[PDB]
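First, one chain by itself: the form solved without 2-phenylpyrimidin-5-ol (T63), in structure tokens.
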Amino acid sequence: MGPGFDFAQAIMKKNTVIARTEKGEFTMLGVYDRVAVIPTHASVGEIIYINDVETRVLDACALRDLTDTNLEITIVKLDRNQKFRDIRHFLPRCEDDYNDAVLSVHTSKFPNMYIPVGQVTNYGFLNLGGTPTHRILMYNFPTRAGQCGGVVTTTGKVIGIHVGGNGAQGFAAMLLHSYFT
């Protein structure tokens, strides 16, 4: 409907796949080459389904900060026959607050879904499902089961992936340029 939705749509149309694990279907952001991200609670194994294609996982790394605190981001390298458009130049370099974000989701359950979530707070620490988690972004939208892995964007930046909610707020894990060097 406006430039925020335009940037979000451009990311969804070229840089997302539907990932299926034993824990469900997730929006999965492709970042560059065969490298993608997914919430760590997706529990990626040796095999994953990508757009319903059986795919070998070549590497998977559950990220933690240098305090050895969960970040809730898993970086996956996929044995896929095609590269993603390189979007690393849209990743923030530092932890920040944002205005006017969109959360975008694409699954069997929620196709072509775009939510204007508004102002995004650098929340920091969250006890996420009982797990101490750092680098959390917070927005005041009542997100639901099925939106995990959803992409959080502003005009010109890909800032996070949706990892949870409390019924009134939603929470995303930061994406930082330094994760994908």
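We number the residues from 1 along the sequence you see.
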Per the entry, higher mean C-alpha B factor between 29-37 and 62-70: 62-70
Higher-B stretch (mean Cα B-factor, as the entry records it), 83-91 or 104-112: 104-112
Among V57, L137, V152, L128, where is the Cα B factor highest in this entry? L128
Going by the CA temperature factor in the entry, name the top one among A19, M12, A168, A172. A168
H162 - which third its CA temperature factor falls in, relative to the rest of the chain: lowest
Classify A42 as lowest, middle or highest third according to the C-alpha B-factor given in the PDB entry, relative to its own chain. middle
Looking at the C-alpha B-factor of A8, is it in the lowest, middle or highest third of its chain? lowest
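The same protein has a further form, the form solved in complex with 2-phenylpyrimidin-5-ol (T63), not shown here; the description that follows concerns it.
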Is there a heavy atom of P142 no more than 4.5 Å from a heavy atom of 2-phenylpyrimidin-5-ol (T63) in the deposited complex? yes
